[PDB]
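Respectively, the protein sequence lines represent chains B and A. Count the first sequence with the deposited numbering and you get residues 9 to 14, in order. Count the second sequence with the deposited numbering and you get residues 984 to 1283, in order. We treat Cβ as the ideally placed atom computed from N, Cα and C, and that holds for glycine. Let me begin by presenting the structure, written as structure tokens, before commenting on it.
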Amino acid sequence: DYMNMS
Amino acid sequence: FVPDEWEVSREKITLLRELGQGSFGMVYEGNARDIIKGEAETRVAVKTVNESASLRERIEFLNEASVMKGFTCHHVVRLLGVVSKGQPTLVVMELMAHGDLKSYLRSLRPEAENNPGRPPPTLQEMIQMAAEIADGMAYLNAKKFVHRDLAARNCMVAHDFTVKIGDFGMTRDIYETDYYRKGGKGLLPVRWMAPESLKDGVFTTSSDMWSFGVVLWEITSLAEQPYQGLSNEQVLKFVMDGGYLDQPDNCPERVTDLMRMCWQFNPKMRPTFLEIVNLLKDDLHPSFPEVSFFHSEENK
Ligand SMILES: Cc1cccc(Nc2nc(Nc3ccc(CC(=O)O)cc3)ncc2C(N)=O)c1
């Protein structure tokens, strides 16, 4: 539950 | 790497089993040998990373140990020594008999295959947790740090069912900066971060404060998944749009009131962890005052 993104 | 005063001899360390995989490392349970004043055998937790892992990760690790060398607070798991000598690097720390808070919470559902034979936490019990957790987050901002990842799983339960902040993988230093305008390209916990950081990457005390209400939500919902049913892209849009988490049924009213105060769309409106402890000092455990931080002299 640490989804990659910006 | 580079050996410190915290250095420890690898020979004294024996690893028993795998406790779990975390934000980026590996956590084993082991027994240290003559590391504390008194006992010669003091089972501990050993976090390690692969010397065959991404340099960014490896660095994230170095950082975690680094910021632990300070942090002397009842409500913060204690760093216990490092083992930089050779391979592989080993960070030891005080084992928390009852694992993470998340896992511990679930184990209390009446159903629960692993239920320890006691009822879900009384309202008295919740306040206590909330307080030590908050106390600890206060101690954090005090030494000028943002945790950036406050959530049940990163909270450990000691044997006396005391709660302490664990896992500092995202924790950052803040004189000067007092941010990140983020940076991009990294694993993030959307279900727990405030709306600002979701757009304008940032993270602040008020930000962890948002994360803090979610831990209460977690506590109350008995570790239901925050924003269940939704995808990470959906929740992303939502909490940014102006939404917030719901409210567990049969959930007490004092807590609900806290959650709300942590969810103002405006950070300048979130209370400070100290301000949170204050609202709860008159209902805690007679012991809290002495091990505290809210009472610690350091609270200048
Ligand atoms: C008994 C027990 C059982 C499980 C975890 C821990 N303890 C610790 N665990 C972590 N990370 C950690 C946090 C959550 C998980 C659960 C999962 O698998 O998702 C695993 C490891 N960090 C420090 C300690 C500690 N220093 O006690 C202790």
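By DSSP's criteria, residue i is part of a beta bridge. Which residues make up the other side?
i	result
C1234/A	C1234/A pairs with nothing; no bridge assigned.
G1013/A	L998/A, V1027/A
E990/A	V1065/A
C1245/A	According to DSSP, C1245/A bridges with nothing at all.
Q1004/A	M1009/A
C1138/A	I1148/A
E1077/A	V1027/A
residue 1284/A	An answer regarding residue 1284/A cannot be provided, because it is not within the stretch 984 to 1283 covered by chain A.
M1112/A	None; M1112/A has no bridge partner.
Got a sec? Which residues, its chain only, sit under 8 Å from residue i by beta carbon, not counting five neighbours each side?
i	result
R993/A	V1066, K1068, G1069, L1073
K1251/A	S1189
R1164/A	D1183, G1184, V1185
Is the distance from the Cβ of residue i to the Cβ of residue j below 8 Å?
i	j	result
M1079/A	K1147/A	yes
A1177/A	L1088/A	no
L998/A	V1027/A	no
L1257/A	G1196/A	no
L1084/A	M1139/A	yes
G1152/A	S1006/A	yes
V1260/A	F1248/A	no
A1015/A	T1025/A	yes
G1064/A	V991/A	yes
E988/A	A1125/A	no
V1198/A	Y1122/A	no
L1263/A	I1110/A	yes
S1214/A	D1118/A	no
residue 1289/A	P1071/A	No answer is possible for residue 1289/A: it lies beyond the span of chain A, which begins at 984 and ends at 1283.
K1168/A	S14/B	yes
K1052/A	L1045/A	no
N12/B	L1170/A	yes
Closer than 6 Å by C-beta to residue i: which residues in its own chain qualify, once you throw out the five before and the five after it? Chain order, please.
i	result
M1009/A	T1031
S1204/A	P1231
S1194/A	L1133, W1175
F1271/A	none
May I ask you to check if the CB of residue i is nearer than 7 Å to at least one heavy atom of ligand 1?
i	result
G1119/A	no
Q1004/A	yes
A1080/A	yes
residue 952/A	The question about residue 952/A has no answer, for chain A in this structure spans 984 to 1283.
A1177/A	no
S1090/A	no
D9/B	no
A1206/A	no
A1114/A	no
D1083/A	yes
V1060/A	yes
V1010/A	yes
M1051/A	no
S1194/A	no
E1047/A	no
Can you list, in chain order, the residues of its chain whose CB lies under 7 Å from that of residue i, leaving out five sequence neighbours each side?
i	result
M1112/A	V1146, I1202
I1157/A	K1127, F1128, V1129
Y1210/A	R1174, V1218, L1228
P1172/A	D1132, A1134
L1106/A	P1235
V1222/A	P1178, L1181
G1003/A	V1010
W1246/A	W1193, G1196, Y1227
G1225/A	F1248
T1255/A	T1188
Any heavy atom of ligand 2 closer than 7 Å to the Cβ of residue i?
i	result
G1149/A	For the structure depicted, ligand 2 is absent and the ligand set comprises only ligand 1.
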